[PDB]
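What follows is a set of notes on a single structure, which appears directly below.
All heavy atoms count here, side chains included; hydrogens, waters and symmetry mates do not. In the text below, chain A, chain B and the rest are named by the order of the sequence lines, each starting its count at 1.
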Amino acid sequence: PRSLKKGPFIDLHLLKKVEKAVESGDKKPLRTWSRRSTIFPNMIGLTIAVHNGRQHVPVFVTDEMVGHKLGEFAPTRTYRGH
Amino acid sequence: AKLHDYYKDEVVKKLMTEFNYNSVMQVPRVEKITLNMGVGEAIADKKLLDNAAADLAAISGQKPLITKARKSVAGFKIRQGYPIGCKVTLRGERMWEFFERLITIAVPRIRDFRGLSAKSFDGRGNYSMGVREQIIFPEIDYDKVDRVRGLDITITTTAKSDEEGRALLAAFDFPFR
Amino acid sequence: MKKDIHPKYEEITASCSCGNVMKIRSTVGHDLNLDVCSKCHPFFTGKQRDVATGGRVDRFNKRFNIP
Amino acid sequence: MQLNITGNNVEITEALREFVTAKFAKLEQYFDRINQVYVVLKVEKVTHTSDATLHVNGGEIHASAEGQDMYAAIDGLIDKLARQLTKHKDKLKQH
Amino acid sequence: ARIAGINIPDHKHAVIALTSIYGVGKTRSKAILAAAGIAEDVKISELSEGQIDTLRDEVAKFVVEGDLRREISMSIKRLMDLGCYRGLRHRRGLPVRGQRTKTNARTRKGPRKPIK
RNA sequence: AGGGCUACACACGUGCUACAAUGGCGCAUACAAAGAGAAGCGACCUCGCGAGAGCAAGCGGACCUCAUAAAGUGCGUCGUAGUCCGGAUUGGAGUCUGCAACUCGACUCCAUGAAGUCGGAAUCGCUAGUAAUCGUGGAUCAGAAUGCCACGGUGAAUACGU
RNA sequence: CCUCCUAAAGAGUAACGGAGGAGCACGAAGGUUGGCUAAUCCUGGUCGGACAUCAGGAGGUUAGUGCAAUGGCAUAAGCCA
Ligand SMILES: [Mg+2]
Ligand SMILES: [Mg+2]
Ligand SMILES: [Mg+2]
Ligand SMILES: [Mg+2]
Ligand SMILES: [Mg+2]
Ligand SMILES: [Mg+2]
Ligand SMILES: [Mg+2]
Ligand SMILES: [Mg+2]
Ligand SMILES: [Mg+2]
Ligand SMILES: [Mg+2]
Ligand SMILES: [Mg+2]
Ligand SMILES: [Mg+2]
Ligand SMILES: [Mg+2]
Ligand SMILES: [Mg+2]
Ligand SMILES: [Mg+2]
Ligand SMILES: [Mg+2]
Ligand SMILES: [Mg+2]
Ligand SMILES: [Mg+2]
Ligand SMILES: [Mg+2]
Ligand SMILES: [Mg+2]
């Protein structure tokens, strides 16, 4: 994973638009393609609908989801079986 | 007698106060301990059952009875009268003695402990309890073992209500969770 | 108690780690050296915790130290 | 007899698969010791073609046939392998 | 020869024997037998009760057996309940670390399930 | 921009590593060839268990750097065990490349320690510095070889015959 | 040949009337003395499961009787020495 010295990576666009969520309290879900970005503590409490390739899917963030990277909650292949 | 002694002055007098038993006779006492170990695998080979017997005799200090099926059942393909397990009733000097041992040697050798349950009671106040392995008792010698084997251990009491028992046990610093 | 059917049942000595020593009757037929008596045991003594859950946010602020 | 189907410019449906399997099941009566075998179907412009290759107990037998359909192609092919398989057998059971 | 409430081989070099403890590998084995200044080539059978205890002490420094097995199992339960990609790999019983499945992958998947 | 080519009831082909004692592990110690490097090859010194980090000599190179060959050899240990054999799998903790390693990188440490006891029918390579076996380099390339193309070390077996 | 019903509350009582058994078994499964009490459900308990063996409770013969059915059977005719 990313070196520890370089700090935790988040795309700025998404970093910004979870100040307005946390300061100017809203309660909407946010669209995002930012599967790179790790989940910061600020993100706890806010649903955020991350892209999986064709659709955005909601991730109601929690304490347990911290450090992981959004896209780690939007599966990108469909498989039922054979 | 250690705990018979401990029982006869320390335990009786505590429980005496905390329930307000006017008569002393009212205080729960422990009646008897009994160690079952069924051995279905007997119908296969009968040597196994006797091999248990020595274990239970080695633990407990007295020869076990050998129990037999009350009725025939086709479920387990047994027929009324085949030996399929063996017990020992313990009642006095020996009962208090084994108890002492159980608490202060055996039970803190349970492969990864978290005490015992305090839920296992029949509703009148008689504590039942299993043991997964029989290396727990140092009476046996682990490099002379044929199989891992278990037993039940049931402490029959003169306690009236489920609750009143638990107290009697605890008052011997019984390791409940 | 019946005669000459039961195993020998006698005094021994059972020396724990923590120096704790207890004369006891048993078949085993010689003195034991045991390693965890009812005094030497996490559970009886009051030690064992229950595994620290809920570290993710503490972790993350300990790990990176970023504004 | 383990089978394998290809399609070079042909979609193997579940007639053309089912059909080809049944037709090939005969061949074992000509020689009991057939192993894995590969089949290939082609369409080039107007020509329907079908070749197979058959790993057998001490050999490799191949033929290809051209039909105006693929069924008629495969019909032709099975007649070609039959003759080769018999020839093989007979120069082993040679007493 | 009872450590961490399990029996240790008593005819094995301490180094080798101590490995039977779940949660100690070989690095730890070496450490233990120096942190508790006990030689490596010594077999467990030829020790003193005293030696075996100072040894018993070292091992307690780590998290081992029961304890460990619990920790692991929490970590995996944690993942599956999170439902992360890594979680489901654990559910469906599939290579969790990116390995191909089109072929091979038989250690997760187990032996073959034929068709029909 | 994000995803996909990396999907997995399964079938086939080409490889790698094994199943051990002509061997595993620890210490000690010999003998190559060929090739690459410019904003690239990067010593020595300091830090770190380690991947690495910091600082910064030399070299457009029979001069400097990659870069200490390995099998071998001596001394010790293991004593035929699913083992001190094997190292798949998985948890935890890291490093580096790169806007960025969730899907999907290579590597490191701690723990874990699977199948496998030499492989049915079939079937392949090779006639001498060959097969077998052991290490080394390069092209592509920010990073990403068990593949490919090259280079030496040790070094057999057997051909009556048609 | 045995048991029940038809059979009309003593006995007996027919039909190619309605339903079932026997053509044995036991030297103990006989004699006596001493002792003993069932089925089944619930609660708790290593493997152990609806059902094995252990402990308690409810229950009261709903069990049991070498083999049919009927009548018996606790003082047991049931179970063990
Ligand atoms: Mg035809
Ligand atoms: Mg390791
Ligand atoms: Mg694109
Ligand atoms: Mg591809
Ligand atoms: Mg190989
Ligand atoms: Mg190894
Ligand atoms: Mg290069
Ligand atoms: Mg250093
Ligand atoms: Mg030639
Ligand atoms: Mg090589
Ligand atoms: Mg009458
Ligand atoms: Mg009348
Ligand atoms: Mg008449
Ligand atoms: Mg009549
Ligand atoms: Mg009789
Ligand atoms: Mg009588
Ligand atoms: Mg039960
Ligand atoms: Mg009862
Ligand atoms: Mg009845
Ligand atoms: Mg009688």
Between the protein and nucleotides 102-106 of chain F, which nitrogen or oxygen pairs are less than 3.5 angstrom apart?
residue : atom : partner : partner atom : Å
F:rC102 : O2   : A:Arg35 : NH2          : 2.9
F:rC102 : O2   : A:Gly71 : O            : 3.3
F:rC102 : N3   : A:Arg35 : NE           : 3.3
F:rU103 : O3'  : A:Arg77 : NH1          : 3.3
F:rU103 : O2'  : A:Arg77 : NH1          : 2.9
F:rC104 : OP1  : A:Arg77 : NH1          : 3.0
F:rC104 : OP1  : A:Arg77 : NH2          : 2.6

Base of [N] relative to its sugar, syn (within 90° of 0) or anti?
N	value
G:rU75	syn
F:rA145	syn
F:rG23	anti
G:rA74	anti
G:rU13	anti

Counting distance only, does the side-chain N/O of [X] pair as donor-acceptor with the main-chain N or O of [Y] below 3.5 Å?
X	Y	value
D:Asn35	D:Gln2	no
A:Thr38	A:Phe9	no
A:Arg2	A:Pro8	no
A:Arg35	A:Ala74	yes
B:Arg101	B:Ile59	yes
B:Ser60	B:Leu56	no
D:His55	D:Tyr38	no

Please check, using ring centres under 5.5 Å and planes under 30°, whether the bases of [M] and [N] stack on one another.
N	M	result
G:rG23	G:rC24	no
F:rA159	F:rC160	no
F:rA101	F:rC102	no
G:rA52	G:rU53	no

Using whole Å, report how far [atom1] of [X] lies from [atom2] of [N].
X	N	atom1	atom2	result
B:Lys87	G:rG56	NZ	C1'	12 Å
D:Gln2	F:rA11	CD	P	9 Å
E:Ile72	F:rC110	CD1	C1'	12 Å
D:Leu3	F:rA11	CG	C1'	11 Å
E:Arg106	F:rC10	CZ	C1'	9 Å
B:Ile43	G:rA52	CD1	P	14 Å
B:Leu90	G:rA55	CG	P	12 Å
D:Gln36	F:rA11	CD	P	12 Å

- [ ] State, to 0.1 Å, how close A:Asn42 and A:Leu46 come at their nearest heavy-atom pair, and which atoms those are.
- [x]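 Heavy atoms only, the tightest pair is O-CD2, 3.4 Å.
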TODO: Between A:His51 and D:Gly59, just flag the one whose closest nucleotide in RNA chain F comes earlier from the 5' side.
DONE: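 Nearest nucleotide further toward 5': that of A:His51.
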Open item on the list: Between A:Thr78 and E:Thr19, which residue's closest nucleotide on RNA chain F lies nearer the 5′ terminus?
Closed with: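 Result: A:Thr78.
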Give a yes/no on whether any side-chain N or O of [X] is located under 4.0 angstrom from OP1 or OP2 of [N].
X	N	result
E:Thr107	F:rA115	no
E:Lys109	F:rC8	no
E:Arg69	F:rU90	no
A:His82	F:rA7	no
B:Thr154	G:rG45	no
A:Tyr79	F:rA9	yes
E:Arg112	F:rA11	yes
E:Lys113	F:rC8	no

Check every strand shown and say whether [X] touches a base, only sugar-phosphate, or nothing at a heavy-atom separation below 4.0 Å.
X	result
A:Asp11	nothing
E:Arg89	sugar-phosphate
E:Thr27	sugar-phosphate
E:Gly25	sugar-phosphate

- [ ] Please look at the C1'-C2'-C3'-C4' dihedral of F:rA18 and say whether its sugar is north or south.
- [x]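 Here the torsion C1'-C2'-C3'-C4' comes out positive, placing F:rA18 north.
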Go ahead and name the base partner of [N]; Watson-Crick or wobble counts if both distances stay under 3.5 Å, otherwise write none.
N	value
F:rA111	F:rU90
F:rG74	F:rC27
F:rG35	F:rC66
G:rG20	G:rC2
G:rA55	G:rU43
F:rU123	none
F:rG50	none
G:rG60	none

Open item on the list: Can you tell me whether the side chain of E:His13 and the base of F:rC84 have a donor-acceptor pair closer than 3.5 Å?
Closed with: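 Counting by modelled atom types and ignoring angles, a donor-acceptor contact under 3.5 Å is found here.
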Task: Distance-only donor-acceptor test (3.5 Å): side chain A:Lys6, base F:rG98 - done: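 For A:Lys6, whose side chain was compared with the base of F:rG98, there is a donor-acceptor pair (under 3.5 Å).
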Would you give me the side-chain donor-acceptor pairs under 3.5 Å for residues 158-167 of chain B, sequence neighbours excluded?
residue  : atom : partner  : partner atom : Å
B:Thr158 : OG1  : B:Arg29  : N            : 2.7
B:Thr158 : OG1  : B:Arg29  : O            : 2.8
B:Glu164 : OE1  : B:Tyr21  : OH           : 2.6
B:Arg166 : NH1  : B:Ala118 : O            : 2.7

Open item on the list: Checking side-chain polar atoms at under 3.5 Å, does A:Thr76 have a donor or acceptor matched by the opposite partner on A:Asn52?
Closed with: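 Side chains of A:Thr76 and A:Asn52: no pair found under 3.5 Å.
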Report the nucleotide, chosen from [options], that has the shortest atom-to-atom distance to any side-chain atom of [X].
X	options	answer
C:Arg59	F:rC8, G:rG45, F:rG94	F:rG94
E:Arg108	G:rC54, F:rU89, F:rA1	F:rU89
A:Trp33	G:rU43, F:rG91, F:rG2	F:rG2

Task: Most 5' of B:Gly123 and B:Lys32 on RNA chain G, judged by nearest nucleotide - done: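 Closest to the 5' end, via its nearest nucleotide, is B:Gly123.
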Open item on the list: Would B:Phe76 count as stacking on G:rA52 if stacking means ring centres less than 5.5 angstrom apart and planes tilted under 30 degrees?
Closed with: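 Ring-base stacking flag set for B:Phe76 and G:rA52.
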